[PDB]
Amino acid sequence: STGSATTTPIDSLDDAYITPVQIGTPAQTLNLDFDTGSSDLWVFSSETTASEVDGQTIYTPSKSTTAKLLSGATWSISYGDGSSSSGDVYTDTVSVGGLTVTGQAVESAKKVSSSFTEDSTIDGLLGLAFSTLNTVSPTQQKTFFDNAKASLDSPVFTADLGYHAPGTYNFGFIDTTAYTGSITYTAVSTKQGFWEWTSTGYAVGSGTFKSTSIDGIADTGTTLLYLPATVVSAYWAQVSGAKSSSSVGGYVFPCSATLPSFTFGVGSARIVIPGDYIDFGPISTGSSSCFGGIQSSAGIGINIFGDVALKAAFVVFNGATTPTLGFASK
């Protein structure tokens, strides 16, 4: 089997992407944030505290003839941005782009933190990291991809995120028309539960490539590119007037600037992020100070190849017995 679904930016900045997902019988379609940095499929629901729902579409398990309470199971998750959610668990039929999994754990939120409530466009998350990170207790549950894998034509999914435009998540096949050149594959460590890999270096604009190992994670659920402070300083030093602002929370730059590109290495291959992809717009409405899309990871503990980086590539998440990642230009 295969599946193919369009993923759409939630706003004009590409802050996140939503993909329609069919849950239950008859189908209830929710728009979920596919997140290769986490491993829970959780949804706003008829069980979510009413004051914490503000425009999201909810899953109502009592209206699904295939829903079953997973007795005794609870979940609770906290994300790198400080947001969180928790609740109980049903199993139900879940379909993405024509690919159907029966008995998928659907984690129904009883509580969500304010940032989720405040974002009416995201109805939940669909985790695509390794199932070892799934938070369901006392019996950890598998991700949608883990449950689908054996049925897929090939045990892979691909992320093709758009810049200011829709893109595609495919399951079970590699669309050879969706990228240019060849796909360069690179090793993955699953020791932390992430799609963790090592970039071979970077360049700023037209500058020389610096060969240096940068361990980080491929994370579709993180907006920005978070890299070591040395790398980030070298980038922003090429933007007149850019500075790190402790009050704003990162590097800012004059909105009148033209940003240089940023290149990262994948083996001997190179992925070029155009400068425009690094512009996240005014820090507040009407400001001429703009927020940068490349930020320091120094306070995180891990480097993160988020959407800024991934949307410059066609990315293969290869879930074979020894997982690997592939990157192609597009």
# chains A, B, ... in the order shown; residues from 1 in each chain; ligands from 1
>>> select_by_dssp(residues="range 53-191 of chain A", states="alpha helix (DSSP H)", output="VMD selection string")
chain A and resid 114 to 117 144 to 148
>>> write_last_selection(atoms="N, CA and C atoms", output="PDB file, in the first residue's frame")
ATOM      1  N   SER A 114      -1.823  26.547  26.538  1.00  0.00           N
ATOM      2  CA  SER A 114      -2.417  27.729  25.923  1.00  0.00           C
ATOM      3  C   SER A 114      -2.010  27.880  24.462  1.00  0.00           C
ATOM      4  N   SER A 115      -0.772  27.517  24.115  1.00  0.00           N
ATOM      5  CA  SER A 115      -0.335  27.726  22.739  1.00  0.00           C
ATOM      6  C   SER A 115      -1.140  26.884  21.761  1.00  0.00           C
ATOM      7  N   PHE A 116      -1.574  25.688  22.168  1.00  0.00           N
ATOM      8  CA  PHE A 116      -2.448  24.891  21.315  1.00  0.00           C
ATOM      9  C   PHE A 116      -3.830  25.527  21.205  1.00  0.00           C
ATOM     10  N   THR A 117      -4.420  25.917  22.337  1.00  0.00           N
ATOM     11  CA  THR A 117      -5.725  26.569  22.302  1.00  0.00           C
ATOM     12  C   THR A 117      -5.712  27.767  21.370  1.00  0.00           C
ATOM     13  N   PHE A 144       1.696   5.936  13.777  1.00  0.00           N
ATOM     14  CA  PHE A 144       0.999   5.609  12.544  1.00  0.00           C
ATOM     15  C   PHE A 144       1.934   4.933  11.548  1.00  0.00           C
ATOM     16  N   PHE A 145       3.145   5.474  11.390  1.00  0.00           N
ATOM     17  CA  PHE A 145       4.100   4.893  10.451  1.00  0.00           C
ATOM     18  C   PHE A 145       4.522   3.504  10.891  1.00  0.00           C
ATOM     19  N   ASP A 146       4.802   3.329  12.181  1.00  0.00           N
ATOM     20  CA  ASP A 146       5.185   2.015  12.677  1.00  0.00           C
ATOM     21  C   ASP A 146       4.087   0.992  12.411  1.00  0.00           C
ATOM     22  N   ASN A 147       2.824   1.373  12.631  1.00  0.00           N
ATOM     23  CA  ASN A 147       1.719   0.451  12.385  1.00  0.00           C
ATOM     24  C   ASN A 147       1.532   0.171  10.902  1.00  0.00           C
ATOM     25  N   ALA A 148       1.787   1.150  10.039  1.00  0.00           N
ATOM     26  CA  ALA A 148       1.577   0.973   8.609  1.00  0.00           C
ATOM     27  C   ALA A 148       2.728   0.266   7.907  1.00  0.00           C
TER      28      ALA A 148
END
>>> closest_atom_pairs(of="range 164-245 of chain A", to="range 16-29 of chain A", cutoff="8 Å", atoms="only C-alpha atoms", output="Markdown table")
| residue | atom | partner | partner_atom | distance |
| --- | --- | --- | --- | --- |
| A:221 | CA | A:16 | CA | 7.0 |
| A:222 | CA | A:16 | CA | 7.6 |
| A:223 | CA | A:16 | CA | 6.2 |
>>> closest_atom_pairs(of="range 143-191 of chain A", to="range 285-309 of chain A", cutoff="12 Å", atoms="only C-alpha atoms", output="CSV")
residue,atom,partner,partner_atom,distance
A:159,CA,A:307,CA,10.1
A:160,CA,A:307,CA,10.2
A:161,CA,A:307,CA,7.6
A:162,CA,A:307,CA,9.3
A:163,CA,A:308,CA,8.7
A:164,CA,A:308,CA,11.3
A:167,CA,A:307,CA,11.9
>>> closest_residue(among="A:35, A:119, A:107, A:15", to="residue 60 in chain A", atoms="only C-alpha atoms")
A:107
>>> closest_atom_pairs(of="range 101-121 of chain A", to="range 77-93 of chain A", cutoff="7 Å", atoms="only C-alpha atoms", output="JSON lines")
{"residue": "A:101", "atom": "CA", "partner": "A:93", "partner_atom": "CA", "distance": 5.7}
{"residue": "A:102", "atom": "CA", "partner": "A:93", "partner_atom": "CA", "distance": 4.4}
{"residue": "A:103", "atom": "CA", "partner": "A:91", "partner_atom": "CA", "distance": 5.0}
{"residue": "A:104", "atom": "CA", "partner": "A:91", "partner_atom": "CA", "distance": 5.1}
{"residue": "A:105", "atom": "CA", "partner": "A:91", "partner_atom": "CA", "distance": 4.5}
{"residue": "A:106", "atom": "CA", "partner": "A:90", "partner_atom": "CA", "distance": 5.2}
{"residue": "A:107", "atom": "CA", "partner": "A:89", "partner_atom": "CA", "distance": 4.4}
{"residue": "A:108", "atom": "CA", "partner": "A:88", "partner_atom": "CA", "distance": 5.5}
{"residue": "A:109", "atom": "CA", "partner": "A:87", "partner_atom": "CA", "distance": 4.5}
{"residue": "A:110", "atom": "CA", "partner": "A:87", "partner_atom": "CA", "distance": 4.5}
{"residue": "A:111", "atom": "CA", "partner": "A:86", "partner_atom": "CA", "distance": 5.4}
{"residue": "A:112", "atom": "CA", "partner": "A:85", "partner_atom": "CA", "distance": 4.1}
{"residue": "A:113", "atom": "CA", "partner": "A:84", "partner_atom": "CA", "distance": 5.3}
{"residue": "A:115", "atom": "CA", "partner": "A:83", "partner_atom": "CA", "distance": 6.4}
>>> closest_residue(among="A:5, A:136, A:271, A:125", to="residue 98 in chain A", atoms="only C-alpha atoms")
A:5
>>> atom_distance(atom1="CA of residue 183 in chain A", atom2="CA of residue 232 in chain A")
26.4 Å
>>> closest_residue(among="A:188, A:266, A:58, A:320", to="residue 172 in chain A", atoms="only C-alpha atoms")
A:320
>>> atom_distance(atom1="CA of residue 274 in chain A", atom2="CA of residue 220 in chain A")
18.0 Å
>>> select_by_dssp(residues="range 81-175 of chain A", states="strand (DSSP E or B)", output="ChimeraX atom specification")
/A:84-96,99-112,124-127,137,156-160,167-171
>>> closest_residue(among="A:329, A:135, A:65, A:240", to="residue 40 in chain A", atoms="only C-alpha atoms")
A:135
>>> closest_residue(among="A:75, A:262, A:318, A:67", to="residue 134 in chain A", atoms="only C-alpha atoms")
A:75
>>> decode(residues="range 273-320 of chain A", atoms="N, CA and C atoms", output="short mmCIF file (atom, residue, chain, number, x, y, z; two decimals), in the first residue's frame")
data_model
loop_
_atom_site.label_atom_id
_atom_site.label_comp_id
_atom_site.auth_asym_id
_atom_site.auth_seq_id
_atom_site.Cartn_x
_atom_site.Cartn_y
_atom_site.Cartn_z
N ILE A 273 19.57 26.53 1.41
CA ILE A 273 18.39 27.22 1.92
C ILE A 273 18.45 28.65 1.40
N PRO A 274 17.54 29.07 0.51
CA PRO A 274 17.56 30.46 0.06
C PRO A 274 17.37 31.44 1.21
N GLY A 275 17.98 32.61 1.07
CA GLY A 275 17.88 33.62 2.11
C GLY A 275 16.46 33.94 2.51
N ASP A 276 15.55 34.00 1.53
CA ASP A 276 14.17 34.36 1.85
C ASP A 276 13.54 33.37 2.82
N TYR A 277 13.99 32.11 2.82
CA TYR A 277 13.41 31.12 3.72
C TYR A 277 13.74 31.42 5.18
N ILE A 278 14.73 32.28 5.41
CA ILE A 278 15.24 32.58 6.75
C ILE A 278 14.56 33.81 7.35
N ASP A 279 13.65 34.43 6.61
CA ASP A 279 12.94 35.62 7.07
C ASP A 279 11.61 35.21 7.71
N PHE A 280 11.48 35.44 9.02
CA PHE A 280 10.22 35.16 9.72
C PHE A 280 9.47 36.42 10.11
N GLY A 281 9.77 37.52 9.45
CA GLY A 281 8.93 38.69 9.48
C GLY A 281 9.04 39.50 10.75
N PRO A 282 8.26 40.57 10.82
CA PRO A 282 8.37 41.50 11.95
C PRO A 282 8.15 40.80 13.29
N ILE A 283 8.92 41.24 14.29
CA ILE A 283 8.82 40.63 15.62
C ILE A 283 7.46 40.89 16.25
N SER A 284 6.84 42.01 15.90
CA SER A 284 5.49 42.38 16.29
C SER A 284 4.93 43.18 15.12
N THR A 285 3.61 43.23 15.03
CA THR A 285 3.00 43.87 13.87
C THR A 285 3.52 45.30 13.69
N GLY A 286 3.97 45.60 12.48
CA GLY A 286 4.43 46.92 12.14
C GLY A 286 5.88 47.22 12.48
N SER A 287 6.57 46.31 13.16
CA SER A 287 7.97 46.53 13.50
C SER A 287 8.84 46.40 12.27
N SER A 288 9.94 47.16 12.24
CA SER A 288 10.97 46.98 11.22
C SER A 288 12.09 46.05 11.66
N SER A 289 11.96 45.42 12.82
CA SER A 289 12.87 44.37 13.26
C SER A 289 12.23 43.04 12.94
N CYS A 290 12.96 42.20 12.22
CA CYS A 290 12.45 40.92 11.75
C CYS A 290 13.14 39.77 12.49
N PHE A 291 12.41 38.67 12.64
CA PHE A 291 12.93 37.53 13.38
C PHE A 291 13.63 36.54 12.46
N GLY A 292 14.83 36.12 12.85
CA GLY A 292 15.61 35.21 12.02
C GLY A 292 15.17 33.76 12.09
N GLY A 293 15.34 33.07 10.96
CA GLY A 293 14.98 31.67 10.87
C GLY A 293 16.06 30.67 11.23
N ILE A 294 17.26 31.17 11.49
CA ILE A 294 18.39 30.39 11.98
C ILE A 294 18.69 30.95 13.36
N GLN A 295 18.67 30.08 14.37
CA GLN A 295 18.82 30.47 15.76
C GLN A 295 19.75 29.50 16.47
N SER A 296 20.31 29.94 17.59
CA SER A 296 21.22 29.11 18.35
C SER A 296 20.50 27.98 19.07
N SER A 297 21.10 26.80 19.04
CA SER A 297 20.63 25.65 19.81
C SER A 297 21.26 25.59 21.20
N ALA A 298 22.07 26.57 21.58
CA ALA A 298 22.89 26.42 22.78
C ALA A 298 22.05 26.12 24.01
N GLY A 299 20.84 26.66 24.10
CA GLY A 299 19.97 26.41 25.23
C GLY A 299 19.05 25.22 25.10
N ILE A 300 19.14 24.47 24.00
CA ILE A 300 18.26 23.33 23.75
C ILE A 300 18.89 22.02 24.20
N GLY A 301 20.17 21.82 23.90
CA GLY A 301 20.82 20.54 24.10
C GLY A 301 20.90 19.67 22.87
N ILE A 302 20.34 20.10 21.74
CA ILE A 302 20.40 19.34 20.50
C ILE A 302 20.21 20.33 19.36
N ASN A 303 20.85 20.05 18.24
CA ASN A 303 20.63 20.84 17.04
C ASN A 303 19.40 20.31 16.32
N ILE A 304 18.64 21.22 15.71
CA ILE A 304 17.35 20.86 15.11
C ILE A 304 17.28 21.38 13.69
N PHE A 305 17.22 20.46 12.73
CA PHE A 305 16.93 20.78 11.34
C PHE A 305 15.41 20.79 11.20
N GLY A 306 14.82 21.94 11.51
CA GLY A 306 13.40 22.15 11.41
C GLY A 306 12.97 22.54 10.01
N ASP A 307 11.75 23.08 9.92
CA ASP A 307 11.14 23.32 8.62
C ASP A 307 11.99 24.21 7.73
N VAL A 308 12.65 25.23 8.29
CA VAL A 308 13.50 26.11 7.48
C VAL A 308 14.47 25.30 6.63
N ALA A 309 15.10 24.29 7.23
CA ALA A 309 16.03 23.44 6.50
C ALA A 309 15.30 22.42 5.64
N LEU A 310 14.31 21.73 6.22
CA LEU A 310 13.71 20.61 5.51
C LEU A 310 12.95 21.05 4.27
N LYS A 311 12.35 22.25 4.30
CA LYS A 311 11.56 22.65 3.13
C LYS A 311 12.43 23.01 1.94
N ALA A 312 13.74 23.12 2.12
CA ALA A 312 14.66 23.29 1.00
C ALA A 312 15.02 21.97 0.34
N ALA A 313 14.48 20.85 0.84
CA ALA A 313 14.86 19.54 0.35
C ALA A 313 13.64 18.64 0.17
N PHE A 314 13.83 17.58 -0.59
CA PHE A 314 12.98 16.41 -0.56
C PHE A 314 13.63 15.42 0.40
N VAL A 315 12.90 15.02 1.44
CA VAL A 315 13.50 14.29 2.55
C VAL A 315 12.86 12.92 2.66
N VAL A 316 13.70 11.89 2.66
CA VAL A 316 13.27 10.50 2.80
C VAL A 316 13.56 10.04 4.21
N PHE A 317 12.52 9.59 4.90
CA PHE A 317 12.62 8.96 6.21
C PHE A 317 12.52 7.46 5.96
N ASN A 318 13.68 6.80 5.93
CA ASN A 318 13.76 5.38 5.57
C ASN A 318 13.70 4.54 6.84
N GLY A 319 12.57 3.88 7.04
CA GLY A 319 12.32 3.08 8.23
C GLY A 319 12.62 1.60 8.07
N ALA A 320 13.58 1.28 7.21
CA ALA A 320 14.11 -0.06 7.13
C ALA A 320 14.72 -0.48 8.48
#
